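Notes follow the structure.
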Amino acid sequence: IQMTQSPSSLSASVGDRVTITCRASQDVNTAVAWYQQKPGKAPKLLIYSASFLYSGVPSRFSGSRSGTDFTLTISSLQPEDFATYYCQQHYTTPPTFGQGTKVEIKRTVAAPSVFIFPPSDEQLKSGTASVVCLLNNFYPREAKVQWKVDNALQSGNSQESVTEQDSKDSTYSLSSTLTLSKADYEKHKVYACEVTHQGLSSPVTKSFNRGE
Amino acid sequence: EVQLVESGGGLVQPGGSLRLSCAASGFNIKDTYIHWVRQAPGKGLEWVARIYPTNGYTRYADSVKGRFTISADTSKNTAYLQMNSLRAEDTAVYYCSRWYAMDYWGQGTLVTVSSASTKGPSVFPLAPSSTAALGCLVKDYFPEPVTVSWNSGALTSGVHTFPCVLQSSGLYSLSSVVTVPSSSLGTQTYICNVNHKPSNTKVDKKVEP
Ligand SMILES: [Co+2]
Ligand SMILES: [Co+2]
């Protein structure tokens with residue numbers, strides 16, 4: 001038995017209505033449950049037997065059935081509900097989970113403030129230099145970060161990482177790290193980080209020169 | 001109060017073995033079914049095995065059939081899961097749970113199957129210039145977890161601790177920063193507290209402008 005979940009991704013604003021559908025490949029009867037999972041953490045029971053609210057969760061969540069089509073609906077959304085939601089059948093072993101539905105809180109466009117960090121003197125002694133670009137509390141997640149070593153656009157030597165949506169202002173933060181050998185790092189002077197974002201009218205560039 | 005806690009787990013060589021224990025409080029396992037559900041990082045939950053402690057019947061998954069063994073000890077109120085011939089595919093967070101819908105879970109344990117040896121992290125400071133930003137750089141380390149706190153837990157507002165990124169060395173790295181007023185730069189002291197249990201490495205770094 002395979003359970004299929006739609007939509008795989010979701011982005012609805014606060015107070016909106018969210019509906020999440022779960023298809024059963026075979027008959028699973030009412031033996032289904034709906035779960036919610038914050039990043040890492042542990043799944044929390046929301047709905048049991050396709051319709052019944054769990055003791056402890058608000059009545060904003062609800063569950064219904066249309067044969068093999070099980071839908072979980074949120075009446076009023078809150079920004080405390082950024083999570084991935086799962087549907088699980090338990091009619092026959094093995095108990096099958098859904099593919100997951102990551103819901104994102106939608107908000108207004110917020111430009112990112114940008115900082116650039118030169119490599120530390122301790123890391124330079126090790127033999128590696130790391131230049132960090134930090135994008136601070138922005139929305140949406142989509143952003144382009146490019147590096148310009150001595151005004152030369154780099155390619156493939158940068159790694160990126162983004163935080164989960166903030167529980168207060170529903171923003172993301174991003175880190176782009178430029179990792180080079182200390183030898184090449186001691187070869188060039190001007191290190192620059194260029195950010196383009198929907199909330200930036202022009203692409204902002206924060207930079208530093210070795211020997212500042 | 002009713003809770004479940006999992007122990008055991010960590011770095012395991014491929015083809016190796018490792019056993020996980022899930023202890024139960026606030027209820028008797030003999031009254032319910034005990035489940036082990038795993039989840040690879042950002043890959044969704046996959047059911048592994050089930051046991052009914054009062055009779056001992058064990059139901060497994062085909063992705064684990066043969067090399068896994070799930071047992072129970074109704075007297076100690078804990079369930080077990082023995083895993084042999086561990087593969088990289090088996091790397092995941094392993095949860096424990098009970099039934100009938102699975103209501104109460106456990107925090108889980110990290111089972112990592114890799115040939116990379118345990119390595120402690122190197123911690124470097126990210127200092128501000130000229131709001132202002134500062135942070136720490138958790139360099140090559142393996143395996144996860146790594147706790148990062150600021151001022152032993154005092155500093156909590158404006159902190160962003162980024163997830164791990166796999167590096168070309170086969171080791172992980174992460175950065176943790178915090179948004180602070182530029183006036184606080186001279187007056188206030190900022191220290192980040194890095195905690196890597198697998199290597200038993202604890203480093204506190206004072207980030208100085
Ligand atoms: Co089938
Ligand atoms: Co921030």
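Residues in the structure tokens are named by chain (A, B, ... in the order shown) and by number from 1 within that chain; ligands are numbered from 1 in the order shown.
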
Next on the checklist: Give me, as an NGL selection string, the residues of region 66-196 of chain B that a backbone DSSP run labels strand (DSSP E or B).
Outcome noted: :B and (68-73 or 78-83 or 92-98 or 105-106 or 109-113 or 119 or 123-126 or 132-142 or 147-150 or 155 or 159-161 or 165-166 or 172-180 or 190-196)

Next on the checklist: Near chain B, meaning an atom within 8 Å, which residues of chain A appear when counting only C-alpha atoms? Write them as an MDAnalysis selection string.
Outcome noted: chainID A and resid 32:33 41:45 48:49 90 93:97 99:100 115 117:120 122:123 159:163 173:175

File of the preceding selection, N, CA, C and O atoms, as a short mmCIF file (atom, residue, chain, number, x, y, z; two decimals), in the first residue's frame:
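What landed in part38.cif:
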data_model
loop_
_atom_site.label_atom_id
_atom_site.label_comp_id
_atom_site.auth_asym_id
_atom_site.auth_seq_id
_atom_site.Cartn_x
_atom_site.Cartn_y
_atom_site.Cartn_z
N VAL A 32 -6.17 5.84 9.17
CA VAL A 32 -5.17 6.81 8.76
C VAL A 32 -4.99 7.81 9.90
O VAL A 32 -5.86 7.97 10.75
N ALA A 33 -3.83 8.46 9.90
CA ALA A 33 -3.55 9.51 10.88
C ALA A 33 -2.80 10.64 10.19
O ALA A 33 -2.15 10.46 9.17
N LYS A 41 13.07 17.47 15.51
CA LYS A 41 12.00 17.26 16.48
C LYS A 41 11.44 15.84 16.42
O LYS A 41 12.19 14.87 16.28
N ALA A 42 10.11 15.72 16.52
CA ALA A 42 9.45 14.43 16.45
C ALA A 42 8.02 14.64 15.98
O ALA A 42 7.38 15.61 16.43
N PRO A 43 7.50 13.80 15.10
CA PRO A 43 6.12 13.99 14.63
C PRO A 43 5.13 13.99 15.78
O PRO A 43 5.26 13.23 16.74
N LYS A 44 4.13 14.87 15.68
CA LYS A 44 3.09 15.01 16.68
C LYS A 44 1.76 14.59 16.08
O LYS A 44 1.41 15.02 14.97
N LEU A 45 1.02 13.74 16.80
CA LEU A 45 -0.27 13.28 16.32
C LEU A 45 -1.25 14.45 16.25
O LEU A 45 -1.39 15.21 17.21
N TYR A 48 -6.64 11.32 14.23
CA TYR A 48 -6.65 9.86 14.24
C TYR A 48 -7.96 9.36 13.64
O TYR A 48 -9.02 9.96 13.82
N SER A 49 -7.86 8.23 12.92
CA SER A 49 -9.00 7.60 12.26
C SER A 49 -9.71 8.55 11.30
O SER A 49 -10.94 8.56 11.20
N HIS A 90 -2.54 2.65 8.62
CA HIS A 90 -2.20 1.53 9.49
C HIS A 90 -3.17 0.37 9.30
O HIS A 90 -3.35 -0.44 10.22
N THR A 93 0.16 -3.89 7.83
CA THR A 93 1.60 -3.78 7.88
C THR A 93 2.17 -4.03 6.48
O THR A 93 1.72 -4.95 5.79
N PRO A 94 3.15 -3.23 6.03
CA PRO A 94 3.77 -2.12 6.76
C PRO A 94 2.92 -0.85 6.80
O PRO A 94 2.23 -0.54 5.83
N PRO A 95 2.96 -0.12 7.92
CA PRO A 95 2.34 1.21 7.96
C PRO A 95 3.09 2.17 7.05
O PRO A 95 4.31 2.35 7.18
N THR A 96 2.36 2.79 6.14
CA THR A 96 2.94 3.62 5.09
C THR A 96 2.69 5.09 5.37
O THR A 96 1.56 5.48 5.69
N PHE A 97 3.73 5.90 5.25
CA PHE A 97 3.65 7.35 5.41
C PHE A 97 3.51 8.03 4.06
O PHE A 97 3.79 7.45 3.01
N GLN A 99 4.51 11.34 1.43
CA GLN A 99 5.76 11.96 1.00
C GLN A 99 6.06 13.25 1.73
O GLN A 99 7.18 13.77 1.61
N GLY A 100 5.11 13.79 2.48
CA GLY A 100 5.35 15.03 3.20
C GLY A 100 4.90 16.25 2.43
O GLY A 100 4.95 16.31 1.20
N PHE A 115 26.25 41.13 5.48
CA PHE A 115 27.53 41.30 6.14
C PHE A 115 28.54 40.33 5.52
O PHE A 115 28.17 39.26 5.03
N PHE A 117 32.45 38.54 6.24
CA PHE A 117 33.41 38.23 7.28
C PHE A 117 34.73 37.78 6.66
O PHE A 117 34.76 36.76 5.96
N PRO A 118 35.83 38.50 6.88
CA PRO A 118 37.13 38.03 6.41
C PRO A 118 37.56 36.79 7.17
O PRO A 118 37.06 36.53 8.28
N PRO A 119 38.46 35.98 6.61
CA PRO A 119 38.94 34.80 7.33
C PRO A 119 39.63 35.19 8.63
O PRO A 119 40.28 36.23 8.73
N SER A 120 39.48 34.33 9.63
CA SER A 120 40.12 34.55 10.92
C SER A 120 41.61 34.27 10.83
O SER A 120 42.07 33.51 9.98
N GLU A 122 43.27 32.68 13.04
CA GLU A 122 43.49 31.30 13.46
C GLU A 122 43.34 30.33 12.30
O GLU A 122 44.16 29.42 12.13
N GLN A 123 42.30 30.50 11.48
CA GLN A 123 42.10 29.62 10.34
C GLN A 123 43.21 29.77 9.31
O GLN A 123 43.59 28.78 8.66
N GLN A 159 29.54 27.46 -0.83
CA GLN A 159 28.50 26.61 -0.28
C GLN A 159 27.50 27.48 0.48
O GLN A 159 27.89 28.41 1.18
N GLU A 160 26.22 27.16 0.34
CA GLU A 160 25.16 27.98 0.92
C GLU A 160 24.35 27.17 1.93
O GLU A 160 24.37 25.94 1.94
N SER A 161 23.65 27.90 2.80
CA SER A 161 22.85 27.29 3.85
C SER A 161 21.84 28.31 4.33
O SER A 161 22.18 29.48 4.55
N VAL A 162 20.59 27.88 4.50
CA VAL A 162 19.49 28.76 4.88
C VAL A 162 18.81 28.20 6.12
O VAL A 162 18.71 26.98 6.30
N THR A 163 18.38 29.10 7.00
CA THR A 163 17.65 28.71 8.20
C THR A 163 16.18 28.47 7.87
O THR A 163 15.69 28.82 6.80
N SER A 173 17.25 33.35 6.84
CA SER A 173 18.59 33.90 6.81
C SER A 173 19.51 32.92 6.11
O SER A 173 19.36 31.70 6.25
N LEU A 174 20.48 33.45 5.35
CA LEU A 174 21.31 32.63 4.49
C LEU A 174 22.78 32.92 4.75
O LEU A 174 23.17 34.05 5.05
N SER A 175 23.60 31.87 4.63
CA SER A 175 25.05 31.97 4.76
C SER A 175 25.70 31.36 3.53
O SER A 175 25.42 30.20 3.19
#

Item to check | Test item: residues lying within 9 Å of ligand 1 with only C-alpha atoms and all ligand atoms, as number ranges by chain | outcome: A: 1-2, 25-26

Next on the checklist: Give me the residues near region 112-115 of chain B as a PyMOL selection string, where near means some atom within 8 Å (using only C-alpha atoms) and where sequence neighbours in that chain fewer than 3 positions away do not count.
Outcome noted: chain B and resi 9-14+86-88+90-92+143

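You can rank B:56, B:181, B:120, B:26 by their closest distance to ligand 2 using only C-alpha atoms and all ligand atoms, and at the top of that list sits B:181.
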
Next on the checklist: Taking only C-alpha atoms and all ligand atoms into account, name the residue in A:164, A:80, A:69, A:142 that is nearest to ligand 2.
Outcome noted: A:164

Next on the checklist: When you look at residue 52 (chain A) with a cut-off of 10 Å (counting only C-alpha atoms), what residues show up, excluding the ones that are within fewer than 6 positions of it in the same chain? I need them as a list in words.
Outcome noted: residues 33, 46, 61, 62, 63 and 64 of chain A

Create the file for the chosen residues now, containing N, CA, C and O atoms and written as an mmCIF file, in the first residue's frame.
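Everything below was put into result_18.cif:
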data_model
loop_
_atom_site.group_PDB
_atom_site.id
_atom_site.type_symbol
_atom_site.label_atom_id
_atom_site.label_comp_id
_atom_site.auth_asym_id
_atom_site.auth_seq_id
_atom_site.Cartn_x
_atom_site.Cartn_y
_atom_site.Cartn_z
ATOM 1 N N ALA A 33 -3.829 8.462 9.904
ATOM 2 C CA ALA A 33 -3.550 9.505 10.876
ATOM 3 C C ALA A 33 -2.803 10.642 10.194
ATOM 4 O O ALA A 33 -2.147 10.455 9.167
ATOM 5 N N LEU A 46 -1.924 14.586 15.107
ATOM 6 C CA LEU A 46 -2.944 15.612 14.933
ATOM 7 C C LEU A 46 -4.338 15.009 14.824
ATOM 8 O O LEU A 46 -5.212 15.309 15.642
ATOM 9 N N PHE A 61 -7.385 22.426 13.008
ATOM 10 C CA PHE A 61 -7.150 21.228 12.215
ATOM 11 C C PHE A 61 -8.416 20.380 12.135
ATOM 12 O O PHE A 61 -9.216 20.327 13.073
ATOM 13 N N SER A 62 -8.592 19.708 10.999
ATOM 14 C CA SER A 62 -9.732 18.822 10.802
ATOM 15 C C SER A 62 -9.398 17.829 9.697
ATOM 16 O O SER A 62 -8.546 18.088 8.844
ATOM 17 N N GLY A 63 -10.086 16.695 9.721
ATOM 18 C CA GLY A 63 -9.833 15.635 8.761
ATOM 19 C C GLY A 63 -11.124 15.045 8.234
ATOM 20 O O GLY A 63 -12.124 14.947 8.948
ATOM 21 N N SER A 64 -11.086 14.637 6.964
ATOM 22 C CA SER A 64 -12.253 14.091 6.284
ATOM 23 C C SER A 64 -11.815 13.010 5.304
ATOM 24 O O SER A 64 -10.621 12.777 5.090
#

Each residue of chain A lying at most 9 Å from ligand 2 should get a row with its shortest atom-to-atom pair and the distance in Å to one decimal, counting only C-alpha atoms and all ligand atoms; could you produce that, ordered by chain and increasing number, as JSON lines?
{"residue": "A:135", "atom": "CA", "partner": "ligand 2", "partner_atom_place_in_ligand_line": "1 (Co)", "distance": 8.7}
{"residue": "A:136", "atom": "CA", "partner": "ligand 2", "partner_atom_place_in_ligand_line": "1 (Co)", "distance": 5.3}
{"residue": "A:137", "atom": "CA", "partner": "ligand 2", "partner_atom_place_in_ligand_line": "1 (Co)", "distance": 5.0}
{"residue": "A:138", "atom": "CA", "partner": "ligand 2", "partner_atom_place_in_ligand_line": "1 (Co)", "distance": 8.8}
{"residue": "A:166", "atom": "CA", "partner": "ligand 2", "partner_atom_place_in_ligand_line": "1 (Co)", "distance": 8.6}
{"residue": "A:171", "atom": "CA", "partner": "ligand 2", "partner_atom_place_in_ligand_line": "1 (Co)", "distance": 8.5}
{"residue": "A:172", "atom": "CA", "partner": "ligand 2", "partner_atom_place_in_ligand_line": "1 (Co)", "distance": 8.4}
{"residue": "A:173", "atom": "CA", "partner": "ligand 2", "partner_atom_place_in_ligand_line": "1 (Co)", "distance": 6.9}

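Reported to one decimal place, the separation of CA of residue 200 (chain B) from CA of residue 152 (chain B) is 17.4 Å.
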
Next on the checklist: Which residues are near residue 149 (chain B)? Cut-off 8 Å, only C-alpha atoms, ignore same chain within fewer than 2 positions. Put them as a PyMOL selection string.
Outcome noted: chain B and resi 147+151-153+155+192-194

Only C-alpha atoms, please: the residues just picked out, written as a compact mmCIF listing (two decimals), in the first residue's frame.
# COMPACT_ATOMS: atom_id res chain seq x y z
CA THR B 147 25.33 22.24 20.15
CA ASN B 151 26.94 33.37 26.40
CA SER B 152 26.03 30.00 27.97
CA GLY B 153 22.42 30.63 26.91
CA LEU B 155 22.25 35.67 24.32
CA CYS B 192 29.82 31.22 21.62
CA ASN B 193 29.65 27.79 23.25
CA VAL B 194 30.36 24.90 20.86
